[PDB]
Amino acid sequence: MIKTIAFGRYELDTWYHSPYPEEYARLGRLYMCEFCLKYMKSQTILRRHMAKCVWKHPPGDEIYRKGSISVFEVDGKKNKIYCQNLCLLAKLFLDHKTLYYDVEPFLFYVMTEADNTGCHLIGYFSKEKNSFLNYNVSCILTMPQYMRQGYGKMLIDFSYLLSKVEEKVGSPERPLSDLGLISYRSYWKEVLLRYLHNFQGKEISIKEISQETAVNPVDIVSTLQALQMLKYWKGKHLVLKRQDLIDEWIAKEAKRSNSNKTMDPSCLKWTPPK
């Protein structure tokens, strides 16, 4: 049963089980191509594939590029095999992933970091082509070797960027995992504090905030309460601008910008697919 994966120059311990064919699933280790995601039985098999394999980046269209950081939109109907490999590889780190076979109704947004050998996988998120619940992310993953460095937040930011350009409001697919919930809360706090640092009006509706940020009104309200910024004095509902939080957030925004762990809207070249 699978315990580790060789992935480019990294050797990654798996978290959960994923339904790879029992031929492969019998082995402890699994070698895979870091550019096409085909999986293979042995180091020596991989070396032959790498010598043959043409792909140096995901399939699909590069809709974002800022230097070495890209995002590729992959249609699950036009690249079924790639998206299935991507879903099997994801279930290795998701406690529960809804779907791995029927990838045709999904888009996958694949984030990569380029060095001189090609565009390397950072993480991705899947999105339903047509969601009845207006979910803007179905699943999201930062590859382990890149976790806890700000990439997850960049992926979340991107999913909302797409929502704005679509003129829609979005939300991630319930249920959210522990790691998913912590990261969305962090993001939502940052978006809310930023908005309030910039608004000057005496008042604002939740809908107004939702319209600008593409964040769903319930997640807005939910975050307000998480921050203890929703009060009820003299018979009315108020939003409290906490000076501490905005101050603390500014120092954090300085550190994020000091690195480059931020998505930049002027580098998106996208029109919605359908």
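For every residue, the number given is its place in the sequence shown, counted from 1. We call the rigid core whatever largest set of C-alpha positions still superposes within 1.5 Å between the two forms.
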(request) Could you check whether 120-128 or 173-181 drifts more from the shown form in 7 other deposited structures of this protein, using RMS Cα distance once the core is superposed? (result) 173-181
(request) Going by root mean square C-alpha distance after a core fit, say whether 29-37 or 234-242 is farther from the shown form in 7 other deposited structures of this protein. (result) 234-242
(request) Look up the CA B-factors in the entry and say which stretch, 249-257 or 10-18, has the higher mean. (result) 249-257
(request) Read off the CA B-factors in the entry, average them over 155-163 and over 101-109, and name the higher stretch. (result) 101-109
(message) Maximum C-alpha temperature factor per the entry, among 53, 37, 221, 215, belongs to which one?
(response) 53
(request) Return the residue from 168, 96, 127, 148 that has the highest Cα B-factor in the entry. (result) 96
(request) Ordered by C-alpha B-factor within the chain, which third holds residue 243? Give me lowest, middle or highest, please. (result) highest
(message) Is residue 68 in the lowest, middle or highest third of its chain when residues are ranked by C-alpha B-factor?
(response) lowest
(message) How does the C-alpha B factor of residue 46 compare with the rest of the chain: lowest, middle or highest third?
(response) middle
(message) Split into thirds by Cα B-factor across the chain's modelled residues, where does residue 60 land: lowest, middle or highest?
(response) middle
(request) Quick one: classify residue 132 as lowest, middle or highest third of the chain based on its Cα B-factor. (result) highest
